[PDB]
Amino acid sequence: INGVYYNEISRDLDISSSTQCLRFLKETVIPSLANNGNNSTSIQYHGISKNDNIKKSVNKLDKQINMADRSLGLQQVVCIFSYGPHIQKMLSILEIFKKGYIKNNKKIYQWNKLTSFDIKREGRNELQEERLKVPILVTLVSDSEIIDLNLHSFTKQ
Amino acid sequence: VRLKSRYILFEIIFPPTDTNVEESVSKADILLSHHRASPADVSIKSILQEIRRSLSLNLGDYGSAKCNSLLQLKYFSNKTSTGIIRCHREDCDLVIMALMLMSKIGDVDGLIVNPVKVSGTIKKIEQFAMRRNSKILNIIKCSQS
Amino acid sequence: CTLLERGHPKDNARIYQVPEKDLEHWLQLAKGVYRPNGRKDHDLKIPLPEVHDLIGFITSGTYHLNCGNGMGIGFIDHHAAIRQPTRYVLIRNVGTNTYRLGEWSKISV
Amino acid sequence: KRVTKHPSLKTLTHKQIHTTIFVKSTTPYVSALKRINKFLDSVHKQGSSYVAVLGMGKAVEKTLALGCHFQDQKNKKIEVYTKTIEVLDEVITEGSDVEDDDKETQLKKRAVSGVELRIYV
Amino acid sequence: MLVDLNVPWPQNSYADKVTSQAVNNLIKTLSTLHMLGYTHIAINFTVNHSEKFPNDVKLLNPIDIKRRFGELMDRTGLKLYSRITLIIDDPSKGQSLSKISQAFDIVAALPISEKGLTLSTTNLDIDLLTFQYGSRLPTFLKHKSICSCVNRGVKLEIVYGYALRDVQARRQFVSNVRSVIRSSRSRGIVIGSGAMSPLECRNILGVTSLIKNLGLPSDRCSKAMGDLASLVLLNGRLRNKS
RNA sequence: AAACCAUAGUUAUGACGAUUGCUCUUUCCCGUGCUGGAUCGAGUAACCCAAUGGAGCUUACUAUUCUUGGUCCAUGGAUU
RNA sequence: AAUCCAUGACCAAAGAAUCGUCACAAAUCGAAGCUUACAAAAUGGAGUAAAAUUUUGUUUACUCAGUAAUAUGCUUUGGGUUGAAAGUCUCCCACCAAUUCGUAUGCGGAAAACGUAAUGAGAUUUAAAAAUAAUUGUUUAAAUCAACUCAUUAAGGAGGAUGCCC
Ligand SMILES: [Mg+2]
């Protein structure tokens, strides 16, 4: 619990507290990888923890996909994000939503990205430090095929 | 019963001895300023003669005679400053100490000789050299960003 | 019995039970004791145990290649199994005078 | 209630198994790095393009760690995919002092989320 | 991991103010040490036993690693420690160690006379014993004092840098290091590089071969150097903290 | 275009430190004696070294340059 | 002639073991290994705490798998390895109810220019070794013993005779 580093820059974060890291991910890492100003996208952000209900999260997700206006010609994108051990529950909620949504003869188009936080801890000896890496998975799911977002650094799924 | 050979890998590193010019502190910057290049006046018979002179001056007569029986430079090119010298397994430590005690070239000053890998086969030496060359490119690619 | 640290077993090996006075030393050795350099530390003095601690014999002792350690196939007594409150057990060879530490697991065969 | 879990069906032809590491929950980090480097070197002589890294359940976290390690350390393209894995579980149904191992069996399917991680050269 | 414990600071007295060129040369030589491959660096600062110690605690160390080398520390990724040697000649102008032991981390000594060795082996809270390898040793290294100062924990420091200065002092350095090896009986031997220029620093292989040909076995060199340097760093840090 | 595979694997098996055991000689002790114990020492050799795996045969080895068991209508000394 | 002691000659067996150490998110004089992906937390997990909501439902802040994994580390062994790795020696390493050594031949053996057992004889005057396939510095013997070569003895069950304990 010595320090948190992202993009070779030191940040004031805490791995044990989920709220601060989730707000940091919502506010910093996403705008530097996707720009919602020069496009026609409506982005709905959502962070997933391990203490959240799966059914309630799916009830949030199937609503967040049909909240924006359809007359404006909006492509509605949902940005689900998590970090650490909560990524397992994040994937479970994503797959359950996919199973519940594809049943109606539709298709879900997904783009994935994997980055990492770098933290430092005390090693075995007092004169040695260990560097741990915490994964960060960001998924963008939408019903339309074409998105004008800069998603060349993602992976098509 | 069997002639046991042992090759030594050594490298020429030039320290940035310049107090009037401030330097950048990082990994790849100092790697590049230490691996700049070798001068033009660099050869195999010019390094062998220098190391023989140094060995005869530091160890002595018998100390140079016992090591100069199988003291040869097998492979060396001035483009990267990596050479492979052949020697016996009995006098290998003496050759390493002579490489350490190398003061300077007859015309070129301010250089360090660093022994990196020593083994009794050339295949593993080449493998370790390839691994080191591959590792060198990583910090370079990372710092070019 | 699987060896959890440095050691190599063989067939016809002796199985000793960890004593009660030297119970924290083996636990610390199983947790970790490193040198100031950073690597592990096995160069210490061994607390040789007593003689009345024979509880089993290893019949099939060979270096396990599936996990990377030394697997020992022995047969321990049930009374001594219920005696100890821990699963730690010492292994010794027939000619070697060193005692390795490990943990045994019951096989339903 | 007593219930055991068998592994999941793996259908590998001849080479999909070779260039693929299945990360267990007890698999160390450095051993995974070593085997991944060996696979990365042996792929183009096996004749493939990427190295598959498959993990499910508890090992997903360190699988993503292995992925993001080679992502920036060696600067190699990575691809992450989210898949579903069906596992068969053998349970005892109620319907003489008999061992619980030798009892009536019933198969049940269970779906779990998993991550496939491909690494380019 | 490797440890160097004898990097000299270009300053002898306290009135001596540092020069930017000296700091640049020290940066160059530390970068060269990190280039050849090292993990722990402990810069040394020399002072005379006859000089007046300051009536300060916030000014005992004219180094302040945090403000000068603190940027190199988190950029290149090494560590720096404080070490001070004591050039002691006779029992006068002294009797103060409790205030110099709290500021610095490692305390060394440099005896050059008969009574200097006795006073170093009697009541000096020191860790390393350093001799003038360049010039002649004071009288004769005997077992009666060396054994007694090694059995308590004080090791003997060998400077392989002084050899690479000129050609004439090489003979004296060899004749002194072999006497130290013969007297210490090869137990408490720690080595350091007392070079101020980046042209007089070597690697582990060359130094190991040199000390092996000079009279120390290959087990002693490695084990002593590594573990004893780590242990002296550890006990220095512990006595600095508590 | 691979079939690449060794509880050594392609001529690599390095550097020293410490402990136990064996041979003879040096001495002590209980109860002649004991795979007896303890110092003062030396020696741990020679033949020779793998290149895919196994078996058989023959040929080199052990003199203060380690050892062990038995045999001899071989000689040398002593008793009946 | 019996026993003991010392030397010499000849035959046969074996090749003492144990512990610790050696920089570089990789290394070493080298080598192998730590991959049948899950903690029944996916039948859309189990609960606690606050607001509002006429209970549901929804928004925040937490607990539970704890025998928990612990970041180039960690464990093992490495020249006689079946006592000779040495040697221009021999043979196996695909089958063939059969032009394919269809060979029940002293015994064992898949084969072996392979081990051993009982008897008789032999020495360039001999079946063959020397003074007109492999190996070995000497390279079997030539009073007796010991060693080499060649020539005979097919497996199992039943009856009679002889010798031993009885
Ligand atoms: Mg051969």
Side-chain angles (χ1 to χ4, degrees), chain A residues 18-19 50-51 53-60 88-89 92-93 95-97 99-100 123-124 130-133, chain B residues 1-2 4 6 89 92-93 117-121 123-124 128 131 135, chain C residues 3 5-8 32 37-40 42-43 46 62-70 87 93 95-98, chain D residues 3-5 7-8 10 17 20-35 37 45 47 53-60 62-63 65 69 73 84-85 87 89 91 108-114, chain E residues 1-2 37-39 203-204 208 212 217-223 226:
Chain A
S18 54
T19 297
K50 71 184 181 183
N51 307 129
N53 196 0
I54 308 178
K55 185 178 182 178
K56 296 184 178 182
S57 180
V58 175
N59 290 326
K60 303 174 204 186
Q88 170 178 141
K89 207 146 191 174
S92 68
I93 301 174
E95 292 303 319
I96 291 182
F97 173 77
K99 172 187 184 179
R124 302 176 180 176
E130 58 182 0
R131 283 81 48 87
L132 277 77
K133 283 190 175 182
Chain B
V1 58
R2 181 132 71 182
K4 301 277 191 153
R6 190 175 295 275
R89 64 171 179 180
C92 181
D93 300 330
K117 190 51 182 175
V118 59
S119 70
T121 180
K123 264 169 43 173
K124 293 290 184 179
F128 179 81
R131 281 176 284 172
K135 184 177 77 173
Chain C
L3 293 185
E5 61 100 10
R6 172 166 284 188
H8 178 80
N37 184 24
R39 290 175 157 172
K40 235 176 184 181
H42 298 285
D43 204 348
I46 300 183
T62 305
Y63 178 77
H64 202 194
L65 207 75
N66 195 36
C67 298
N69 291 318
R87 305 289 184 184
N93 287 323
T96 307
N97 56 277
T98 65
Chain D
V3 51
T4 187
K5 39 183 173 185
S8 88
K10 305 176 181 182
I17 172 172
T20 300
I21 180 62
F22 286 101
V23 180
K24 292 191 170 188
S25 179
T26 61
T27 290
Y29 195 76
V30 182
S31 67
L33 262 72
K34 293 170 175 184
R35 215 183 322 273
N37 291 320
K45 269 69 178 174
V53 187
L54 272 80
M56 47 170 284
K58 193 176 181 180
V60 175
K62 48 176 168 179
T63 301
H69 172 270
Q73 279 309 312
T84 308
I85 293 93
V87 296
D89 298 331
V91 69
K108 284 181 177 179
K109 289 194 288 185
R110 179 173 39 106
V112 286
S113 315
Chain E
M1 63 184 181
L2 303 190
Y38 275 94
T39 75
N203 207 10
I204 176 176
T208 302
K212 202 183 310 171
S218 65
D219 175 22
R220 282 307 190 178
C221 299
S222 75
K223 183 179 282 187

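To find a chain, count down the sequence lines: A is the first, B the second, and so on, and within it residues start at 1.
Consecutive bases G/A26 and G/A27 are counted as stacked, their six-membered rings lying with centres under 5.5 Å apart and planes tilted under 30°. The six-membered rings of F/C34 and F/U35 are unstacked under the 5.5 angstrom centre distance and 30 degree angle criterion. Stacking between G/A111 and G/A112 holds: their six-membered rings sit with centres below 5.5 angstrom apart and planes below 30 degrees. Stacking annotation: G/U53 and G/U54 not stacked (criterion of six-membered ring centroids under 5.5 angstrom and interplanar angle under 30° not met). For the pair G/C4 and G/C5, the rule of 5.5 Å between ring centres and 30° between base planes classifies them as stacked.
In this structure, the side chain of E/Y38 does not engage the main chain of E/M1 through any donor-acceptor pair within 3.5 Å. For E/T208 (side chain) and E/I204 (main-chain N/O), a donor-acceptor pair under 3.5 Å exists by modelled atom type. Distance alone, capped at 3.5 Å, is enough to place a donor-acceptor pair between the A/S92 side chain and the A/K89 backbone. Checked by atom type and distance alone, the side chain of C/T96 never pairs as donor or acceptor with a backbone atom of C/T98 at under 3.5 Å. Not a single donor-acceptor pair under 3.5 Å links the side chain of D/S8 to the backbone N or O of D/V87. Although no hydrogens or angles enter the test, the distance criterion places no donor-acceptor pair under 3.5 Å between the side chain of E/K212 and the main chain of E/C221.
Sugar conformation at G/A14 is north: the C1'-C2'-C3'-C4' dihedral has a positive sign, consistent with the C3'-endo side. In this entry G/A147 carries a north-puckered sugar, per its positive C1'-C2'-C3'-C4' angle. Because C1'-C2'-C3'-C4' is positive for G/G109, its sugar is assigned to the north class. F/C4 has a negative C1'-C2'-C3'-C4' torsion, placing its sugar in the south range. Using the sign of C1'-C2'-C3'-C4' as the criterion, G/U124 falls on the north side of the pucker cycle.
OP1 or OP2 of G/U75 sits under 4.0 Å from a side-chain N or O of C/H42. Within the structure, a side-chain polar atom (N or O) of B/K135 is placed less than 4.0 Å from OP1 or OP2 of G/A27. When the side-chain nitrogen and oxygen atoms of D/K5 are compared with OP1 and OP2 of G/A40, one or more of them lie within a distance under 4.0 Å. B/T121 has no side-chain polar atom (N or O) that falls below the 4.0 Å cut-off from OP1 or OP2 of F/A12.
Only the P atoms considered, G/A147 is 15 Å distant from G/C10, to the nearest whole Å. For the P atoms, the distance from F/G70 to G/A16 is 23 Å, rounded to whole Å. Between G/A98 and G/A146, the two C1' atoms lie 50 Å apart (nearest whole Å). Comparing the same atom, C1', in G/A25 and in G/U63 gives a spacing of 36 Å after rounding to whole Å. Here the separation of G/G15 from F/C66, taken at their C1' atoms, is 10 Å to the nearest Å.
Residue D/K62 contributes atom NZ, which lies 12 Å from atom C1' of G/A68 at whole-angstrom precision. Rounded to a whole Å, the CG atom of E/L2 is 12 Å from the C1' atom of G/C22.
Comparing E/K223 and D/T20 by the nucleotide of RNA chain G that holds the closest heavy atom to each, the one mapping nearer the 5' end is E/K223. In terms of position on RNA chain F, the residue among E/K212 and B/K123 whose nearest nucleotide sits closer to the 5' end is B/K123. Of the two residues near RNA chain G, B/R131 and A/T19, the one whose nearest nucleotide lies more 5' is B/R131.
At the heavy-atom level, E/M1 lies under 4.0 Å from the strands shown only through sugar-phosphate atoms. No engagement by B/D93 is indicated, since no non-hydrogen atom pair under 4.0 Å with the nucleic acid exists. Within 4.0 Å (heavy atoms only), B/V118 reaches sugar-phosphate atoms of the nucleic acid but no base atom. Among the atoms of the strands shown, only primed sugar atoms or phosphate atoms (P, OP1, OP2) are found under 4.0 Å from some heavy atom of A/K56. At a threshold of 4.0 angstrom between heavy atoms, the contacts of D/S31 include nucleobase atoms, whether or not backbone atoms are also involved. Using a 4.0 Å heavy-atom criterion, one finds that C/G32 contacts no nucleic acid atom at all. At the heavy-atom level, C/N69 lies under 4.0 Å from the strands shown only through sugar-phosphate atoms. Counting non-hydrogen atoms under 4.0 angstrom, A/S57 reaches nothing in the nucleic acid. Using a 4.0 Å heavy-atom cutoff across all strands shown, D/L33 reaches at least one base atom of the nucleic acid. Using a 4.0 Å heavy-atom distance criterion, A/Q88 is classed as a sugar-phosphate-only contact. Backbone-only contact: C/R6 has heavy atoms under 4.0 Å from sugar-phosphate atoms and none from a base. Nucleic acid contact for D/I85: base, since at least one base atom lies under 4.0 Å from a heavy atom of the residue. As judged by a 4.0 angstrom heavy-atom cut-off over every strand, B/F128 is placed among residues touching the sugar-phosphate backbone only. Among the atoms of the strands shown, only primed sugar atoms or phosphate atoms (P, OP1, OP2) are found under 4.0 Å from some heavy atom of B/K124.
Taken from CG in C/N37 to CG in E/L2, the straight-line distance is 9.0 Å, to the nearest 0.5 Å.
G/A46 is paired with G/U63 under the Watson-Crick or G-U wobble criterion, all donor-acceptor distances under 3.5 Å. Pair assignment for G/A1: F/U80, on the basis of Watson-Crick or G-U wobble contacts that are both within less than 3.5 Å. Pair check for G/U126 finds none; no Watson-Crick or G-U wobble contact set falls under 3.5 Å.
An anti orientation is assigned to G/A151, its glycosidic angle lying beyond 90° of 0. G/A98 adopts a syn glycosidic conformation, its chi angle falling within 90° of 0. For G/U105, the base adopts the syn conformation, since its glycosidic angle falls within 90 degrees of zero.
Here G/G78 is not matched with G/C101 as a Watson-Crick or G-U wobble partner, both contacts being required under 3.5 Å. Remark: the bases of F/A45 and G/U36 do not meet in a Watson-Crick or G-U wobble pair with both edge contacts under 3.5 Å. Nucleotides F/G9 and G/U135 are not base-paired: the Watson-Crick or wobble atom pairs do not both lie closer than 3.5 Å. Taken together, G/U116 and G/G106 qualify as a Watson-Crick or G-U wobble pair under the 3.5 Å criterion applied to both distances. Between G/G137 and G/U132 there is no base pair of the Watson-Crick or G-U wobble kind with both of its two distances under 3.5 Å. Entry note: G/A146 and G/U7 fail the pairing test, Watson-Crick or G-U wobble at under 3.5 angstrom for both distances. In this structure F/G56 is paired with G/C89, meeting the Watson-Crick or G-U wobble definition at both distances under 3.5 Å.
No donor-acceptor contact under 3.5 Å links the side chain of C/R87 to the base of G/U67. Not a single donor-acceptor pair, N or O on each side, falls under 3.5 Å between the base of G/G45 and the side chain of A/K50. Interface remark: the A/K89 side chain does form a donor-acceptor pair with the G/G45 base, using a distance-only criterion of under 3.5 Å. Taking 3.5 Å as the limit, the base of G/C38 and the side chain of D/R110 contain a donor-acceptor pair of atoms between them. One cannot find a donor-acceptor pair under 3.5 Å joining the base of G/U72 and the side-chain atoms of D/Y29.
Counting all heavy atoms, side chain and backbone alike, B/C92 lies closest to B/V118 at SG-CG2, 3.6 Å. Minimum heavy-atom separation, D/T63 to D/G55: OG1-CA, 4.0 Å.
Two residues are said to be in side-chain contact when any heavy atoms from C-beta on lie closer than 4.5 Å; E/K223 and C/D43 meet this criterion. The closest side-chain heavy-atom distance from D/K5 to D/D89 is below 4.5 Å.
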